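Text of the file work38.txt, holding compact mmCIF, C-alpha atoms:
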```txt
# COMPACT_ATOMS: atom_id res chain seq x y z
CA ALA A 2 9.87 -42.08 95.74
CA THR A 3 13.46 -41.27 94.93
CA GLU A 4 15.66 -43.39 97.23
CA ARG A 5 19.26 -44.33 98.01
CA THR A 6 20.81 -47.79 97.88
CA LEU A 7 24.25 -49.29 98.30
CA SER A 8 26.03 -50.87 95.34
CA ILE A 9 29.41 -52.61 95.33
CA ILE A 10 31.33 -53.42 92.18
CA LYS A 11 33.06 -56.61 93.37
CA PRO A 12 36.72 -57.82 93.11
CA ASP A 13 35.90 -59.93 90.06
CA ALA A 14 34.31 -57.12 88.12
CA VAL A 15 37.12 -54.64 88.83
CA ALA A 16 39.84 -57.19 87.90
CA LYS A 17 38.06 -57.54 84.56
CA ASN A 18 38.16 -53.73 84.25
CA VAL A 19 34.49 -53.39 83.45
CA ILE A 20 33.90 -50.70 86.07
CA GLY A 21 32.73 -48.26 83.39
CA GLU A 22 30.41 -50.79 81.78
CA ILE A 23 28.67 -51.49 85.02
CA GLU A 24 28.39 -47.82 85.95
CA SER A 25 26.76 -47.13 82.60
CA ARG A 26 24.00 -49.67 83.30
CA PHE A 27 22.95 -47.67 86.37
CA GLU A 28 23.33 -44.27 84.71
CA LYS A 29 21.50 -45.29 81.58
CA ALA A 30 18.70 -46.62 83.80
CA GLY A 31 18.34 -43.16 85.29
CA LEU A 32 20.14 -43.75 88.59
CA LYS A 33 22.96 -41.49 89.78
CA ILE A 34 26.07 -42.48 91.66
CA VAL A 35 26.06 -39.90 94.48
CA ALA A 36 28.91 -41.37 96.52
CA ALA A 37 31.73 -43.70 95.60
CA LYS A 38 35.21 -44.90 96.63
CA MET A 39 37.56 -47.72 95.57
CA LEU A 40 39.13 -49.77 98.33
CA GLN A 41 40.49 -53.06 99.56
CA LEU A 42 38.26 -54.45 102.29
CA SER A 43 40.02 -55.67 105.39
CA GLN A 44 39.18 -59.06 106.91
CA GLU A 45 37.52 -57.12 109.71
CA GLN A 46 35.61 -54.80 107.36
CA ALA A 47 34.08 -57.53 105.22
CA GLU A 48 33.18 -59.57 108.32
CA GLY A 49 31.31 -56.73 109.93
CA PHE A 50 29.40 -55.97 106.76
CA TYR A 51 28.30 -59.59 106.32
CA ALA A 52 27.88 -60.02 110.10
CA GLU A 53 24.49 -61.60 109.57
CA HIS A 54 26.14 -64.69 107.96
CA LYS A 55 28.84 -64.72 110.65
CA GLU A 56 27.96 -68.30 111.60
CA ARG A 57 26.97 -69.69 108.24
CA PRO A 58 29.31 -72.23 106.60
CA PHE A 59 29.70 -70.06 103.49
CA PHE A 60 30.90 -67.09 105.57
CA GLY A 61 34.63 -67.70 105.01
CA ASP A 62 34.20 -67.98 101.25
CA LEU A 63 31.91 -64.89 101.18
CA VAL A 64 34.45 -62.83 103.10
CA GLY A 65 37.44 -64.57 101.49
CA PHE A 66 36.47 -63.62 97.97
CA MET A 67 35.07 -60.25 98.88
CA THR A 68 38.52 -59.40 100.18
CA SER A 69 40.48 -61.04 97.33
CA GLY A 70 40.97 -57.67 95.71
CA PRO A 71 39.89 -54.03 95.63
CA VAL A 72 36.22 -53.11 95.16
CA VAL A 73 34.21 -49.98 94.48
CA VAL A 74 31.59 -49.24 97.15
CA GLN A 75 29.07 -46.62 96.17
CA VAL A 76 25.59 -45.18 96.57
CA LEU A 77 23.03 -45.11 93.77
CA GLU A 78 20.20 -42.60 94.06
CA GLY A 79 17.03 -42.38 92.02
CA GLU A 80 13.38 -43.34 91.57
CA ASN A 81 12.77 -46.73 93.12
CA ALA A 82 16.58 -47.03 93.37
CA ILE A 83 16.67 -50.06 95.65
CA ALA A 84 14.37 -52.22 93.55
CA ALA A 85 15.55 -50.68 90.27
CA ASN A 86 19.09 -51.69 91.27
CA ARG A 87 17.99 -55.25 92.11
CA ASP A 88 16.40 -55.38 88.62
CA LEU A 89 19.63 -54.37 86.80
CA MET A 90 21.79 -56.66 88.93
CA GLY A 91 19.84 -59.84 88.29
CA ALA A 92 19.51 -62.92 90.50
CA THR A 93 22.18 -63.26 93.19
CA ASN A 94 23.05 -66.65 91.64
CA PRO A 95 24.42 -65.74 88.20
CA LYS A 96 23.17 -69.01 86.66
CA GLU A 97 19.51 -68.17 87.34
CA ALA A 98 19.73 -64.59 86.14
CA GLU A 99 17.79 -63.19 83.19
CA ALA A 100 19.86 -62.20 80.18
CA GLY A 101 20.83 -58.55 79.95
CA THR A 102 21.21 -58.25 83.72
CA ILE A 103 24.60 -57.47 85.29
CA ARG A 104 25.03 -60.86 86.94
CA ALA A 105 24.07 -62.76 83.76
CA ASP A 106 26.70 -60.78 81.80
CA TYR A 107 29.61 -60.37 84.23
CA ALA A 108 29.30 -62.95 87.02
CA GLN A 109 30.99 -66.35 87.34
CA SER A 110 29.30 -67.73 90.44
CA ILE A 111 27.49 -67.05 93.69
CA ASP A 112 30.70 -65.91 95.42
CA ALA A 113 32.04 -64.29 92.28
CA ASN A 114 28.90 -62.44 91.20
CA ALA A 115 29.88 -59.05 89.77
CA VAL A 116 28.00 -56.65 92.01
CA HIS A 117 26.10 -56.24 95.27
CA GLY A 118 22.96 -54.26 95.87
CA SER A 119 20.87 -53.74 98.99
CA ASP A 120 17.72 -55.88 99.09
CA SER A 121 15.52 -53.47 101.07
CA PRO A 122 15.02 -49.96 102.51
CA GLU A 123 16.08 -51.11 105.96
CA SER A 124 19.24 -52.86 104.79
CA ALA A 125 19.97 -50.08 102.27
CA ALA A 126 20.07 -47.64 105.19
CA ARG A 127 22.42 -49.68 107.32
CA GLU A 128 24.56 -50.75 104.39
CA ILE A 129 25.05 -47.12 103.22
CA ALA A 130 25.75 -45.93 106.80
CA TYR A 131 28.30 -48.66 107.30
CA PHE A 132 30.47 -47.50 104.40
CA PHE A 133 29.72 -43.76 104.16
CA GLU A 134 29.36 -40.61 106.25
CA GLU A 135 26.64 -38.19 105.15
CA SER A 136 29.33 -35.75 103.97
CA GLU A 137 30.58 -38.33 101.44
CA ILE A 138 27.14 -38.53 99.81
CA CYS A 139 26.43 -35.75 97.35
CA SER A 140 22.82 -35.78 96.14
CA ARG A 141 21.98 -34.14 92.82
CA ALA B 2 57.11 -48.25 81.70
CA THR B 3 53.87 -48.76 83.54
CA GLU B 4 53.04 -45.50 85.34
CA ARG B 5 50.40 -43.75 87.45
CA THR B 6 48.52 -40.56 86.60
CA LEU B 7 45.73 -38.52 88.11
CA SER B 8 42.37 -38.26 86.34
CA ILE B 9 39.35 -36.22 87.42
CA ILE B 10 35.88 -36.71 85.97
CA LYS B 11 34.65 -33.10 86.24
CA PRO B 12 31.34 -31.60 87.55
CA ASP B 13 29.96 -31.34 84.02
CA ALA B 14 30.60 -34.94 83.13
CA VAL B 15 29.11 -36.32 86.36
CA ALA B 16 25.98 -34.12 86.05
CA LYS B 17 25.50 -35.67 82.61
CA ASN B 18 25.84 -39.10 84.26
CA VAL B 19 28.43 -40.35 81.81
CA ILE B 20 30.80 -41.54 84.53
CA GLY B 21 30.63 -45.11 83.20
CA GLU B 22 31.21 -44.04 79.62
CA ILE B 23 34.34 -42.17 80.51
CA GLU B 24 35.66 -44.97 82.72
CA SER B 25 35.22 -47.40 79.85
CA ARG B 26 37.46 -45.30 77.58
CA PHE B 27 40.34 -45.75 80.02
CA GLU B 28 39.64 -49.42 80.71
CA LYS B 29 39.20 -50.31 77.07
CA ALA B 30 42.52 -48.55 76.38
CA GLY B 31 44.19 -50.90 78.83
CA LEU B 32 44.49 -48.55 81.81
CA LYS B 33 43.22 -49.51 85.26
CA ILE B 34 41.60 -47.27 87.82
CA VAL B 35 43.59 -48.18 90.95
CA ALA B 36 42.19 -45.49 93.25
CA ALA B 37 39.01 -43.46 93.10
CA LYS B 38 36.58 -41.39 95.19
CA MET B 39 33.63 -39.07 94.45
CA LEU B 40 33.58 -35.74 96.25
CA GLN B 41 32.64 -32.09 96.30
CA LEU B 42 35.77 -29.95 96.25
CA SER B 43 35.88 -27.16 98.77
CA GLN B 44 36.89 -23.63 97.73
CA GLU B 45 40.11 -24.26 99.62
CA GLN B 46 40.71 -27.68 98.04
CA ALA B 47 40.32 -26.56 94.44
CA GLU B 48 42.47 -23.47 95.08
CA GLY B 49 45.35 -25.47 96.47
CA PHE B 50 45.23 -27.92 93.60
CA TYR B 51 45.31 -25.16 90.98
CA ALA B 52 47.71 -23.07 93.10
CA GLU B 53 49.91 -22.49 90.10
CA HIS B 54 47.18 -20.30 88.47
CA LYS B 55 46.50 -18.59 91.81
CA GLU B 56 47.18 -15.17 90.27
CA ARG B 57 45.87 -15.70 86.77
CA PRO B 58 42.66 -13.90 85.77
CA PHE B 59 40.94 -17.19 84.89
CA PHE B 60 41.60 -18.60 88.39
CA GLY B 61 38.16 -17.74 89.81
CA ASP B 62 36.36 -19.34 86.88
CA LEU B 63 38.66 -22.42 87.01
CA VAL B 64 38.00 -22.90 90.71
CA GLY B 65 34.39 -21.68 90.47
CA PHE B 66 33.35 -24.32 87.98
CA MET B 67 35.53 -27.03 89.40
CA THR B 68 33.59 -26.61 92.62
CA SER B 69 30.14 -26.22 91.01
CA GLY B 70 29.37 -29.84 91.77
CA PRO B 71 30.77 -33.20 92.83
CA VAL B 72 33.64 -34.80 90.88
CA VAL B 73 35.38 -38.16 90.77
CA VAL B 74 39.12 -37.94 91.47
CA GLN B 75 41.04 -41.08 90.62
CA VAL B 76 44.32 -42.69 89.61
CA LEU B 77 44.84 -44.47 86.31
CA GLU B 78 47.69 -46.95 86.11
CA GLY B 79 49.16 -48.61 83.04
CA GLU B 80 51.72 -48.57 80.23
CA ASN B 81 52.55 -44.98 79.35
CA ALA B 82 49.55 -44.01 81.52
CA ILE B 83 50.28 -40.29 81.69
CA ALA B 84 50.62 -39.77 77.95
CA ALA B 85 48.07 -42.47 77.11
CA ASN B 86 45.60 -40.56 79.30
CA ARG B 87 46.40 -37.25 77.57
CA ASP B 88 45.71 -39.04 74.24
CA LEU B 89 42.23 -40.26 75.29
CA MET B 90 41.30 -36.93 76.87
CA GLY B 91 42.04 -34.78 73.84
CA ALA B 92 43.05 -31.12 73.71
CA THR B 93 42.34 -29.13 76.87
CA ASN B 94 40.24 -26.79 74.72
CA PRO B 95 37.33 -28.99 73.57
CA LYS B 96 36.96 -27.07 70.27
CA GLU B 97 40.45 -28.06 69.09
CA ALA B 98 40.17 -31.69 70.08
CA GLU B 99 40.30 -34.60 67.65
CA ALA B 100 37.09 -36.55 67.23
CA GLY B 101 36.75 -39.68 69.34
CA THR B 102 38.61 -38.10 72.26
CA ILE B 103 36.86 -37.50 75.60
CA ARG B 104 36.90 -33.71 75.36
CA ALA B 105 35.59 -33.72 71.76
CA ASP B 106 32.67 -35.95 72.83
CA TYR B 107 31.73 -34.70 76.32
CA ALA B 108 33.14 -31.19 76.82
CA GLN B 109 31.41 -27.82 76.38
CA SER B 110 34.31 -25.43 76.90
CA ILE B 111 37.71 -24.77 78.41
CA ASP B 112 36.25 -24.44 81.92
CA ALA B 113 33.66 -27.12 81.31
CA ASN B 114 35.89 -29.73 79.69
CA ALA B 115 34.83 -33.18 80.85
CA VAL B 116 37.99 -34.51 82.46
CA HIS B 117 41.42 -33.62 83.80
CA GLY B 118 44.63 -35.56 83.38
CA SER B 119 48.16 -34.86 84.58
CA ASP B 120 50.44 -33.45 81.86
CA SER B 121 53.71 -34.95 83.12
CA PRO B 122 55.48 -37.41 85.48
CA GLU B 123 56.38 -34.61 87.87
CA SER B 124 52.88 -33.14 88.02
CA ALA B 125 51.30 -36.64 88.03
CA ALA B 126 53.25 -37.36 91.22
CA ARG B 127 52.22 -34.21 93.03
CA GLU B 128 48.66 -34.33 91.73
CA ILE B 129 48.18 -37.96 92.92
CA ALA B 130 49.81 -37.19 96.32
CA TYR B 131 47.58 -34.18 96.80
CA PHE B 132 44.37 -36.22 96.59
CA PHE B 133 45.44 -39.68 97.77
CA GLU B 134 47.40 -41.49 100.48
CA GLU B 135 49.38 -44.54 99.34
CA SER B 136 46.91 -46.79 101.19
CA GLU B 137 44.07 -45.55 98.96
CA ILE B 138 45.92 -46.69 95.83
CA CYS B 139 45.56 -50.36 95.07
CA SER B 140 47.80 -51.49 92.20
CA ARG B 141 46.89 -54.61 90.25
```
I'd like the structure from this file rewritten - as structure tokens, please.
Amino acid sequence: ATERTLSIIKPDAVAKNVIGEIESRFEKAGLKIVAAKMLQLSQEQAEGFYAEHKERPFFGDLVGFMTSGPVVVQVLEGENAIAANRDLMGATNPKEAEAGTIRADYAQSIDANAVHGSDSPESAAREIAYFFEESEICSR
Amino acid sequence: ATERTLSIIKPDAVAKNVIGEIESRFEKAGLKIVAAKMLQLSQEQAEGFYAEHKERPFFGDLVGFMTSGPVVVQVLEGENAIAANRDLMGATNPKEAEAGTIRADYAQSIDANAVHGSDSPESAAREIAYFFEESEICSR
């Protein structure tokens, strides 16, 4: 089933100016970016998005980094988009990621991994809704 | 002098899913996308942006096409950004564009050229202002 998932090119990947390179991995894999916008997350914005880790000791670092610079939040749409995305991204922890994946090629650490992708249909739906209004998403 | 210029990945380039490929041309050339958002231009939006051609016989086709699908409007920032951008884009008319340029590689015609770039400092300033608020632009 064709589905929608949220993807975020993180502060570290944009600073390296590899936005195009990452986009191409998704597009070459048959997924389409149907919504996208570059922005600088506010303390409040990042905290509400990672609310689930609100009380975990890594919270500050998660939010801290993820606010260290501008990012590109977007929506990828395609066949098996959510899982397909997870396959291109690689393991969350760059050091345990298979070669060829985005994290293995562009990430420096857990905090500084290069991208973010929803892990499931349920989270994809709330993650997308959190950053975008239906009008901002243009399927095609 | 480092400057800012407006760039638009057009309906034809996005439909071909070469967004990443185009972005990479700018990033490899040392320019940074400091603002960006994907959207579907409204009749009214495209008309006000190309107001200057409001009474030209190609207006309808210009607007028509440029509204045929979603686009990515953005801001490129860097050394000699405006002219540098014009150099990577190639001649407005794809058929007279030097090989290696964006238009020579991705464009099908005058209407359907793959990108748009401001032609001068004065137009860059009004073009950027038309699509973005200062807050949306994140220099770095």
Item to check | Distance filter 8 Å, all atoms listed in the file, chain A against chain B, as a VMD selection string | outcome: chain A and resid 16 18 to 25 28 33 35 to 41 71 137 to 139 141
Item to check | Residues near residue B:108, cut-off 10 Å, all atoms listed in the file, skip fewer than 3 positions along chain, as a list in words | outcome: residues 11, 13, 14, 90, 93, 94, 95, 96, 98, 102, 103, 104, 105, 111, 112, 113, 114, 115 and 116 of chain B
Least-squares fit on all C-alpha atoms, paired in order: put chain A onto chain B and return it as an mmCIF file with C-alpha atoms, keeping the file's coordinate frame.
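Dumped everything to superposed_13.cif:
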```cif
data_model
loop_
_atom_site.group_PDB
_atom_site.id
_atom_site.type_symbol
_atom_site.label_atom_id
_atom_site.label_comp_id
_atom_site.auth_asym_id
_atom_site.auth_seq_id
_atom_site.Cartn_x
_atom_site.Cartn_y
_atom_site.Cartn_z
ATOM 1 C CA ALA A 2 57.111 -48.245 81.695
ATOM 2 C CA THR A 3 53.867 -48.764 83.540
ATOM 3 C CA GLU A 4 53.036 -45.494 85.339
ATOM 4 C CA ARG A 5 50.400 -43.743 87.447
ATOM 5 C CA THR A 6 48.522 -40.559 86.596
ATOM 6 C CA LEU A 7 45.726 -38.518 88.105
ATOM 7 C CA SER A 8 42.370 -38.263 86.345
ATOM 8 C CA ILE A 9 39.344 -36.225 87.414
ATOM 9 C CA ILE A 10 35.889 -36.706 85.966
ATOM 10 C CA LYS A 11 34.648 -33.105 86.242
ATOM 11 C CA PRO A 12 31.337 -31.601 87.548
ATOM 12 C CA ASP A 13 29.960 -31.338 84.018
ATOM 13 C CA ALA A 14 30.606 -34.941 83.132
ATOM 14 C CA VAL A 15 29.112 -36.316 86.361
ATOM 15 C CA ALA A 16 25.978 -34.114 86.052
ATOM 16 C CA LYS A 17 25.495 -35.666 82.616
ATOM 17 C CA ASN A 18 25.840 -39.102 84.258
ATOM 18 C CA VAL A 19 28.427 -40.352 81.815
ATOM 19 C CA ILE A 20 30.800 -41.543 84.535
ATOM 20 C CA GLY A 21 30.632 -45.108 83.206
ATOM 21 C CA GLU A 22 31.215 -44.038 79.616
ATOM 22 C CA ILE A 23 34.337 -42.176 80.513
ATOM 23 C CA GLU A 24 35.664 -44.966 82.720
ATOM 24 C CA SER A 25 35.218 -47.401 79.852
ATOM 25 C CA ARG A 26 37.453 -45.302 77.581
ATOM 26 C CA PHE A 27 40.344 -45.755 80.024
ATOM 27 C CA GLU A 28 39.640 -49.428 80.711
ATOM 28 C CA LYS A 29 39.210 -50.307 77.074
ATOM 29 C CA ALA A 30 42.521 -48.547 76.386
ATOM 30 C CA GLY A 31 44.195 -50.903 78.830
ATOM 31 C CA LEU A 32 44.491 -48.551 81.806
ATOM 32 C CA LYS A 33 43.223 -49.507 85.264
ATOM 33 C CA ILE A 34 41.595 -47.271 87.821
ATOM 34 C CA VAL A 35 43.591 -48.181 90.950
ATOM 35 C CA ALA A 36 42.188 -45.495 93.244
ATOM 36 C CA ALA A 37 39.014 -43.463 93.101
ATOM 37 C CA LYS A 38 36.575 -41.388 95.189
ATOM 38 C CA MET A 39 33.626 -39.071 94.456
ATOM 39 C CA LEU A 40 33.576 -35.744 96.248
ATOM 40 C CA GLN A 41 32.642 -32.095 96.296
ATOM 41 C CA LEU A 42 35.767 -29.953 96.246
ATOM 42 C CA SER A 43 35.884 -27.155 98.767
ATOM 43 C CA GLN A 44 36.886 -23.629 97.731
ATOM 44 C CA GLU A 45 40.111 -24.253 99.619
ATOM 45 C CA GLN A 46 40.710 -27.675 98.043
ATOM 46 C CA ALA A 47 40.323 -26.557 94.441
ATOM 47 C CA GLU A 48 42.472 -23.466 95.083
ATOM 48 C CA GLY A 49 45.343 -25.466 96.468
ATOM 49 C CA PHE A 50 45.236 -27.921 93.599
ATOM 50 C CA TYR A 51 45.313 -25.161 90.975
ATOM 51 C CA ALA A 52 47.707 -23.071 93.108
ATOM 52 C CA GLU A 53 49.916 -22.484 90.100
ATOM 53 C CA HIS A 54 47.185 -20.303 88.473
ATOM 54 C CA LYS A 55 46.495 -18.583 91.804
ATOM 55 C CA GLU A 56 47.179 -15.167 90.268
ATOM 56 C CA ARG A 57 45.880 -15.702 86.771
ATOM 57 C CA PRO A 58 42.658 -13.903 85.771
ATOM 58 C CA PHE A 59 40.938 -17.191 84.897
ATOM 59 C CA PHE A 60 41.597 -18.598 88.386
ATOM 60 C CA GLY A 61 38.156 -17.746 89.811
ATOM 61 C CA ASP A 62 36.352 -19.344 86.880
ATOM 62 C CA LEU A 63 38.660 -22.418 87.004
ATOM 63 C CA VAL A 64 37.998 -22.900 90.707
ATOM 64 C CA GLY A 65 34.391 -21.679 90.469
ATOM 65 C CA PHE A 66 33.353 -24.316 87.978
ATOM 66 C CA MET A 67 35.533 -27.031 89.401
ATOM 67 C CA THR A 68 33.592 -26.612 92.622
ATOM 68 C CA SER A 69 30.142 -26.225 91.010
ATOM 69 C CA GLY A 70 29.366 -29.836 91.772
ATOM 70 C CA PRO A 71 30.772 -33.202 92.829
ATOM 71 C CA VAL A 72 33.636 -34.799 90.883
ATOM 72 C CA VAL A 73 35.381 -38.152 90.769
ATOM 73 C CA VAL A 74 39.124 -37.948 91.464
ATOM 74 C CA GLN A 75 41.035 -41.080 90.619
ATOM 75 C CA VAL A 76 44.314 -42.688 89.618
ATOM 76 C CA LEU A 77 44.835 -44.473 86.310
ATOM 77 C CA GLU A 78 47.692 -46.959 86.103
ATOM 78 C CA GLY A 79 49.159 -48.612 83.040
ATOM 79 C CA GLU A 80 51.721 -48.566 80.233
ATOM 80 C CA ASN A 81 52.552 -44.989 79.347
ATOM 81 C CA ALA A 82 49.549 -44.011 81.513
ATOM 82 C CA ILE A 83 50.278 -40.293 81.686
ATOM 83 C CA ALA A 84 50.628 -39.772 77.948
ATOM 84 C CA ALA A 85 48.072 -42.469 77.105
ATOM 85 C CA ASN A 86 45.597 -40.563 79.295
ATOM 86 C CA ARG A 87 46.401 -37.252 77.570
ATOM 87 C CA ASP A 88 45.715 -39.035 74.243
ATOM 88 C CA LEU A 89 42.228 -40.262 75.294
ATOM 89 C CA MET A 90 41.307 -36.930 76.874
ATOM 90 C CA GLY A 91 42.032 -34.780 73.845
ATOM 91 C CA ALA A 92 43.055 -31.117 73.711
ATOM 92 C CA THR A 93 42.341 -29.133 76.878
ATOM 93 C CA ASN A 94 40.230 -26.786 74.713
ATOM 94 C CA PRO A 95 37.330 -28.982 73.571
ATOM 95 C CA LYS A 96 36.966 -27.068 70.280
ATOM 96 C CA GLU A 97 40.454 -28.053 69.085
ATOM 97 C CA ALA A 98 40.166 -31.690 70.081
ATOM 98 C CA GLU A 99 40.308 -34.602 67.646
ATOM 99 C CA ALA A 100 37.093 -36.554 67.227
ATOM 100 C CA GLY A 101 36.751 -39.677 69.336
ATOM 101 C CA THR A 102 38.605 -38.099 72.255
ATOM 102 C CA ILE A 103 36.854 -37.502 75.593
ATOM 103 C CA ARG A 104 36.896 -33.714 75.358
ATOM 104 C CA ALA A 105 35.592 -33.717 71.760
ATOM 105 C CA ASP A 106 32.667 -35.945 72.836
ATOM 106 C CA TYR A 107 31.731 -34.697 76.315
ATOM 107 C CA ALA A 108 33.142 -31.191 76.823
ATOM 108 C CA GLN A 109 31.412 -27.824 76.385
ATOM 109 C CA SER A 110 34.308 -25.431 76.895
ATOM 110 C CA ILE A 111 37.709 -24.773 78.411
ATOM 111 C CA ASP A 112 36.251 -24.441 81.926
ATOM 112 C CA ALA A 113 33.655 -27.116 81.306
ATOM 113 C CA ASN A 114 35.892 -29.725 79.682
ATOM 114 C CA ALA A 115 34.828 -33.186 80.858
ATOM 115 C CA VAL A 116 37.990 -34.508 82.459
ATOM 116 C CA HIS A 117 41.428 -33.625 83.804
ATOM 117 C CA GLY A 118 44.628 -35.555 83.384
ATOM 118 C CA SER A 119 48.159 -34.863 84.579
ATOM 119 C CA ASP A 120 50.438 -33.456 81.870
ATOM 120 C CA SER A 121 53.716 -34.959 83.119
ATOM 121 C CA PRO A 122 55.484 -37.404 85.473
ATOM 122 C CA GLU A 123 56.377 -34.612 87.873
ATOM 123 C CA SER A 124 52.877 -33.148 88.024
ATOM 124 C CA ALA A 125 51.307 -36.634 88.031
ATOM 125 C CA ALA A 126 53.249 -37.358 91.224
ATOM 126 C CA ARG A 127 52.213 -34.213 93.030
ATOM 127 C CA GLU A 128 48.661 -34.330 91.733
ATOM 128 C CA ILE A 129 48.179 -37.954 92.924
ATOM 129 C CA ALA A 130 49.806 -37.187 96.313
ATOM 130 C CA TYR A 131 47.584 -34.182 96.796
ATOM 131 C CA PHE A 132 44.376 -36.214 96.588
ATOM 132 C CA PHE A 133 45.440 -39.690 97.768
ATOM 133 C CA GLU A 134 47.402 -41.494 100.473
ATOM 134 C CA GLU A 135 49.376 -44.541 99.340
ATOM 135 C CA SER A 136 46.913 -46.791 101.198
ATOM 136 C CA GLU A 137 44.071 -45.549 98.961
ATOM 137 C CA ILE A 138 45.920 -46.686 95.828
ATOM 138 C CA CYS A 139 45.555 -50.370 95.067
ATOM 139 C CA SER A 140 47.805 -51.483 92.205
ATOM 140 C CA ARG A 141 46.883 -54.604 90.248
#
```
Checklist outcome for this item: Using only C-alpha atoms, the best pick from A:89, A:60, A:126, A:30 as closest to residue A:107 would be A:89
Write out as a PDB file with C-alpha atoms, in the coordinates of the input each polymer residue whose atoms come within 9 Å of residue B:86, counting only C-alpha atoms; drop sequence neighbours fewer than 3 positions from it.
```pdb
ATOM      1  CA  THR B   6      48.520 -40.560  86.600  1.00  0.00           C
ATOM      2  CA  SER B   8      42.370 -38.260  86.340  1.00  0.00           C
ATOM      3  CA  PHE B  27      40.340 -45.750  80.020  1.00  0.00           C
ATOM      4  CA  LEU B  32      44.490 -48.550  81.810  1.00  0.00           C
ATOM      5  CA  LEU B  77      44.840 -44.470  86.310  1.00  0.00           C
ATOM      6  CA  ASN B  81      52.550 -44.980  79.350  1.00  0.00           C
ATOM      7  CA  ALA B  82      49.550 -44.010  81.520  1.00  0.00           C
ATOM      8  CA  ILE B  83      50.280 -40.290  81.690  1.00  0.00           C
ATOM      9  CA  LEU B  89      42.230 -40.260  75.290  1.00  0.00           C
ATOM     10  CA  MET B  90      41.300 -36.930  76.870  1.00  0.00           C
ATOM     11  CA  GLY B  91      42.040 -34.780  73.840  1.00  0.00           C
ATOM     12  CA  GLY B 118      44.630 -35.560  83.380  1.00  0.00           C
ATOM     13  CA  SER B 119      48.160 -34.860  84.580  1.00  0.00           C
ATOM     14  CA  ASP B 120      50.440 -33.450  81.860  1.00  0.00           C
TER      15      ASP B 120
END
```
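The space separating atom CA of residue A:50 from atom CA of residue A:128 comes to 7.5 Å.
The coordinates place atom CA of residue B:42 at 26.3 Å from atom CA of residue A:127.
Closest to residue A:2 among A:56, A:99, A:134, A:80 is A:80, based on only C-alpha atoms.
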